[PDB]
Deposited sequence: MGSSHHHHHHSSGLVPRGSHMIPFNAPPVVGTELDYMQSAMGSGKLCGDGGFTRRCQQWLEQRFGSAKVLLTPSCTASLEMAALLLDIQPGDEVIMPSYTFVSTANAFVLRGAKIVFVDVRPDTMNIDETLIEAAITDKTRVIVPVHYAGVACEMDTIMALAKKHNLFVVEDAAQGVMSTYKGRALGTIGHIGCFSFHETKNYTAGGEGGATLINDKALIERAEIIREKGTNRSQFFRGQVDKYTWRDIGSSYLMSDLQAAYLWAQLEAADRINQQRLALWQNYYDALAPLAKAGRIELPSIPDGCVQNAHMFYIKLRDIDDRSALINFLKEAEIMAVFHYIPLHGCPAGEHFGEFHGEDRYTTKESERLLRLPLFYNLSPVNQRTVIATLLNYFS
């Protein structure tokens, strides 16, 4: 019926690898395919240790756990992000300090961060929105200056780079998602924790396995959780990593079709297209546009629904939310976060999106704008 906003990536090989996993008699976490995926991720992206988890949320929770977040500790992050980015730390008793976005990338504004730092700050968590890297050199410098840890929420950033560097690998800890909505999926749910700070590796491994030294009599040695994805899901993921470049190249092609078709409307000021800072290489996770305001956006959404095409808005700013006024505080003026969140619209974009269907989406779009 409808052209969907998203469909999980399907390469065609997942079933064979999964079959193989089932044949091996090991399906729980940390099996052969889990290990191969971690190896793949470690070597290709350049991280000392990668650990596959049930979700990026779990990886984020794990980072907070690793960094020993205490009640009262302050964690700086955008208000324009997914709930999990905040919950992971609130779960540890953190106070969330929100910082406004830069409107060009919808990323945390690296220039507004230092002003929000206090003697209580212990972590900053940049979010690489749409797989477009935050201004990390600046952010890493600030963090060295104020003795802060950096946890990358690189959920959307698998295959993206910043100045040649793989996203998720530039901070003490990085986090990936393999949710069905991402560029790569582990059978529908999944994440990875990237432990880039070598000093944290020992404990990371222990808390991943329920606080035991299972990777080694094993016994209760620390807090932890079951931060393992099934090896069945890892087999699925392994199939997709085998096609990492094929998927990425196709998504980028689709992304550029959108850009080429909508560029004239942008040069006329009717809309805005995404910005990709110099030195940042994206992975085409998302193609968003900015309408004039929420009414403009709502009208387009309805026009597209009439055309059996599903387009979608994204984050509701966390700080304005019930839990957000309670668990956090917005530092400075909300100049862009709420406004920009209300004009941002995401277009159908996924690996298996047919050329004919993308043309349909595009023709319908060019129709709305006149």
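Missing from the model, relative to the deposited sequence, are the stretches 1-19, 236-242.
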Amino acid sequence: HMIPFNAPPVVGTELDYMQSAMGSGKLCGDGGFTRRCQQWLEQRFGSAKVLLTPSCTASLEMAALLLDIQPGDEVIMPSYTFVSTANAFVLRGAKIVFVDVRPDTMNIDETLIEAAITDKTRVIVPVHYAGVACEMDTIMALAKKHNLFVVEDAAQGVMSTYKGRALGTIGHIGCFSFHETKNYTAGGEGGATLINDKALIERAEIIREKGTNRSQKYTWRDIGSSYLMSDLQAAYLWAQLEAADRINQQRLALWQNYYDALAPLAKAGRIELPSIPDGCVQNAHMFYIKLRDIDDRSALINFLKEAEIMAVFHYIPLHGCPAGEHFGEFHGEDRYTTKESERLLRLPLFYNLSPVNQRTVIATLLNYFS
From here on, numbers count along this sequence of modelled residues.
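Looking at mean Cα B-factors across 328-336 and 43-51, the upper value is held by 328-336.
Averaged over CA atoms, B-factors in the entry run higher in 97-105 than in the other of 226-234 and 97-105.
Across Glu189, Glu209, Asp296, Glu242, the entry's maximum B-factor at the CA atom is seen for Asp296. Listed residues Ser160, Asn248, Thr81, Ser215 were ranked by CA B-factor as deposited; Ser215 comes out on top. For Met310, the recorded CA B-factor ranks within the lowest third of the chain. Only modelled residues enter the ranking. Among the modelled residues of its chain, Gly131 has a C-alpha B-factor that falls in the middle third according to the deposited record. Ranked against the other modelled residues of its chain, the C-alpha B-factor of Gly72 as given in the entry falls in the highest third. In this PDB entry, the Cα temperature factor of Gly164 sits in the top third of its chain's modelled residues, the highest group. For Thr364, the recorded CA temperature factor ranks within the middle third of the chain's modelled residues.
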